[PDB]
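This document opens with one chain alone, in structure tokens, the form deposited without this ligand.
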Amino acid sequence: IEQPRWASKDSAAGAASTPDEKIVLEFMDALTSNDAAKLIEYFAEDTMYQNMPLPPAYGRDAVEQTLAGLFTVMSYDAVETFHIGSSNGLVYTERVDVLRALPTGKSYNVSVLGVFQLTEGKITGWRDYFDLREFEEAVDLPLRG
């Protein structure tokens, strides 16, 4: 994967400085496992999940339905984290997701900046920011259209 001009090679910024940062870094290694069963155990029952160009999931049940649904048509082949920071109960990861669109077998590097809210070491919020359209026209999978 690409390590951009702007991504500092002070390779921490980039490592976990707080326990939450270590949880978020752990969570994203579970991402490449591609099973929403293992991922959902990091969530509190009162929680959210929203890839922002798509509609949000609220509560633990809805989050599982969305994660699972994603894995029905896509796969994480790699998650690369350049910058990880945290203030005020919030973690921020500026990373790159390597996604294989399952129905078309095609792959893409999604540049993504995410925010996680943790509460007693449980994810109470997860919001991924990126351009949905450039993912779609690159892997032929219009996830909204």
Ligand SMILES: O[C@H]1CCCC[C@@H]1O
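Residues carry their position along the shown sequence, with the first being 1.
Beyond what is shown, the protein has a form solved in complex with this ligand; the following relates to that form.
Open site. This ligand, superposed from its pose in the entry with it bound, has no atom within 2.4 Å of any backbone or C-beta atom of the chain shown. When you look in the entry with it bound, the only residue of 70, 44, 102, 62 with a non-hydrogen atom within 4.5 Å of this ligand is 70. Contact with this ligand in the entry with it bound, judged by any heavy atom within 4.5 Å, is made by just one of 40, 115, 112, 48: 112. Put simply, residue 76 is close to this ligand in the entry with it bound: some heavy atom of it is within 4.5 Å. Counting a residue when any of its non-hydrogen atoms is within 4.5 Å of this ligand in the entry with it bound, the hits in 127 to 145 run 128, 130.
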